[PDB]
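Below: one protein chain in two forms, given as structure tokens, structure 1 then structure 2.
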Structure 1
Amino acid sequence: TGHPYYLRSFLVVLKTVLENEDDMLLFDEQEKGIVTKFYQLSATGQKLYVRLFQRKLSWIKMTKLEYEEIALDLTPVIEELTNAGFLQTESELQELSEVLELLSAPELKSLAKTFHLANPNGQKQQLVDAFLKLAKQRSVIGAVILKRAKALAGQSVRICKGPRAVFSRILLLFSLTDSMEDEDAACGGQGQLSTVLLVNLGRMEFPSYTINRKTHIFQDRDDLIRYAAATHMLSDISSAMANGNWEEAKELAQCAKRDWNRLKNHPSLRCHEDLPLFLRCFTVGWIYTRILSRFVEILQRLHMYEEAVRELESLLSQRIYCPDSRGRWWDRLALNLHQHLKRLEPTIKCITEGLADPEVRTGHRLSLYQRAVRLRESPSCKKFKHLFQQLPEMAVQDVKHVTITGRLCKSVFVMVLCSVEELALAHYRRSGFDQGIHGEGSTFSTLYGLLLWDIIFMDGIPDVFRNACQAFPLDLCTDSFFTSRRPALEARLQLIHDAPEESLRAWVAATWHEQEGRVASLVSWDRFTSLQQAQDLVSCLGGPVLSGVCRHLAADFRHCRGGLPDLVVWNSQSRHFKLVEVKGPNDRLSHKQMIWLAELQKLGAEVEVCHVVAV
């Protein structure tokens, strides 16, 4: 059915969301109408529309429209879309600000020239503010401007906002089940599909699992609209931060903070609050909380720490939203109090509560403890005996470090140019480990996914699979993912722990063969260079090691997926292996990194920090 990828991927999105009664409740007749209208277009019409949907939202010169793969002459196609009410022509081009925007710098010249009142030179931005002030006061001459501006611009089209808004809202619904497609893409700006989805959705093959919904996420179409608002807000803030527009970003955040304070009482929330965590993250309240968290990053960037500390205390005062984020919060609270506000009394309480919170883990739990030792073992603190108070003396077991060198040129070395980690590999190759992978945490991740695939994608857990295109159970990064599969996991873990170096070889082979290619977030099909490499490796690691790593990734992927060693190296014959974090001249171990190395050692694995010093 020869459809081009962008259209195929678009169509997968509409289908996947429309086949949900739950989700279709969230659209009015008028809205659904527009969807049908899409389906009523020719393929040519639809191809163009997707293209235009994927461009930036604003007018386009007819000259800057070319898709010979769509049509050698597009006027009919445009006409179609225009009758359909999907696109608008220069004829509806009425705003002036807009017409000027569409005109180039040299075209703003020819208009600043054929209009004596204008100063004929300046930046594109300059001439615009000008042309707008003149049309504002003496209104009649501003119409003659618009006329020639329009004639100068040429024939132009724009996507209609109303139809666009609908597809965007479908996209939003699609992208939730898919984390968010990307943490900015089907968030906003004015939302389209992620590059990865746009290009690949139409070709992707997803794991089989049984859809099974017993729970509404959104009350009504209103509720979704709210959620979509906040989403586009959170996107906007994020875009500011990313460009350096920190002040703008602040206005946005406060604007958002008050918006959220209006909704505080709204009935929809009582229900949201009631949803399981793996679903609650798809509500207004959660998005706003995420905004607030960005707010505190902006407050810190503008060195306004008393205020960051207020927002941080405020977040940490409620357990309904983002409980996983508490680690980051407590940690960040403590760092602000200790290092930016020098208030040590509150810095101690901070830490104390932080460590009592079962929702703080790994990295941020270690960081808080490590600040706690720094304090009660410091001259400028000896005025207290209130951190000698029962500290679970969490002594992360010490690890074998090592130092190699390389000639400096992300850090480039020479040997042909290479990375830091690639230079460490070459060391270990000549240290008798012929085999090695620079895979960081995905090496272990795909192994876990290989060994537990069928339990990952097990049936019998309501709401964790809500539609066709998932690549993980929605509860995957949650405390509950283990809880809800306890008996199966427990048994699978036990079983791997005891499996000889050939049952594992065969388990992996079984999944690889049944699942190869299937999109699943844990697994990277090219992470190993062939099935037999994965086999070679699982053989070296053996049962208890493998079993332990999987145990953590399943108990707490949310807080464990990060910090595994850059490298796994092994001797083909001796079957001996080492887990190696490569640290360049300019870095030391993150907290997560050290917790892991401790943990790997407890499972009886050779672990090693390899430092590189330049020459």
Structure 2
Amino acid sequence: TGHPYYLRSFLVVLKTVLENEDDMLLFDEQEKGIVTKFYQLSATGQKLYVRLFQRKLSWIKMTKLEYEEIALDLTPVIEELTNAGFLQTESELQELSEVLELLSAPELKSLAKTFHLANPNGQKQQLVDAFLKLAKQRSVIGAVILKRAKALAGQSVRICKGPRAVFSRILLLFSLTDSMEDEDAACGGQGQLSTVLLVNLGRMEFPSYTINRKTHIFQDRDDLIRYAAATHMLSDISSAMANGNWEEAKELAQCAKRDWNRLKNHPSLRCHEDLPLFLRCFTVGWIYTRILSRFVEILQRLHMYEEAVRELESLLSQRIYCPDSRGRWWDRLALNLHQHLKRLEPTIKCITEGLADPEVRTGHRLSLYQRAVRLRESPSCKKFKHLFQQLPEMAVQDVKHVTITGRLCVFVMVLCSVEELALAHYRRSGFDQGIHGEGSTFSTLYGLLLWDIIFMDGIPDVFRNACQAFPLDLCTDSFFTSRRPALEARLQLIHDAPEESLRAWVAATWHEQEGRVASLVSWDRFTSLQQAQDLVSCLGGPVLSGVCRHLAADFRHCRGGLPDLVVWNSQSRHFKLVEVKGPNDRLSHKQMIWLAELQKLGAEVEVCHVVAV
């Protein structure tokens, strides 16, 4: 008797957001009215509204509307949605470009023929700009075009842009907790969730934690309307780039940059600057800063390197927004000055400042240092002794490299990946066991051993609503420092743990939490609780402790770069950590920091190159 998936999900979103008094203050009388109206619709009225909300926003031929599961003939249901002001019919179709756009090319040809002043053959787009130019001069004859255009097309519906705007803002709010933050996912229509969420959110069970908020993110309905606006803008720049429309992208960004400069001084911005970082990421300035970053990516594409340097120097001169992205920017600035603008003098100042900024970490930090040596250890450069200025010699210990071969075809051993091929070589190297997990092997172990500390009470504002799969500060520096004594304790305990405590603890979280959606944990990463326990037996306390300290101290900068593979031997307990390298992938900076660190914790690390044959 349950609702179809798309409905359950939609309703979950509605509930999750609205049961916060804070959040309700961001919707007026009129708007809440609409929300109630939705709940008043019949089931069939709801299923359909959601379907069409989940589709693209424009007119649709009533002939192209089939949903048997909803209702066998939809006329009643459409009437209802029209009565409610959720849907509008053809009678409100007045703008011409809309009538035409609705019509197909075969329909456009039939309309290019009965009208004499029109050329019958050509592309749909052509016939469009033609019929448009035709009506803009002799308006009166254009009125009878629109007349038949409508009559031809038949019956048509559209989602009403009024309420639509409300449900989006709601969906936008919901997305702050789970979505958007946990990667920038799919989302169709005009404002939506990730596929995962839309399909499953109804079924999903979450880690239990206590909602506790004490800080407003948005000042009023306006703040949230402005944030959404920038969000919409970024989404357009992002999309443009993905479609390779780099020029459109450039303009749109220039436009955005404009507005963000015009936007400073507004009273609301002082409030934002005061928000802790893990909340500051949901503010107009943050989104606008994000857009500036994309803007540097656009300039670079268009070989406008001086411009990109100017932009990067701008971004880097403020500490307010997106501080976590400083590494990427310092790194990018140095590459640009050194490689493209060939300006060696600044490249050093750049490198030096980057390395003096505590915000740069792991990969990017190493990358700067390496450029700095490549530079000091250069002739053209020797005209100086300023890279001699106390560079903390960050020499990375070296790592056993290994090469095997496999027949290329996707490889063959069955069609198989580069990783499974390696898993074979290790199987015949006396490691009967193996997981291909990359970061989630370690990550889910980190989750299992720290669950309760991760979903711990007492930190204001980190749980804002019912559908979180992590505390909002997880990827900030404040995650550790807020939970410092607790972590330091658990870490010490894990370090000292004999290999039955480790098995016990894992099982303790596993048995109570199995299934619960938690960003850190993949319940199917390990083929059973038993495998999870065998692995924690091989790695032992100290190794598990070290790995967790990093993942908890600085998840944002450490989440990436761990090896693809873990392999171990059941009876001997020997394990090895393997970073598989295809013919075309080499060691990233984050990868080399990780392998050094795992070596430091005393663990067999090995890079396995797979040559094609």
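Throughout, rigid core stands for the largest set of C-alpha atoms superposing within 1.5 Å between the two forms. Numbers given to residues start at 1 and step along the sequence of structure 1.
Only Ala185, out of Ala185, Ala84, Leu344, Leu292, shows a C-alpha shift of 2 Å or more between structure 1 and structure 2 on alignment of the rigid core. In this core superposition, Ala356 moves its Cα by 0.1 Å between structure 1 and structure 2. Core-aligned Cα shift between structure 1 and structure 2 at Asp587: this is 2.0 Å. Core superposition gives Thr195 a CA displacement of 1.4 Å between structure 1 and structure 2.
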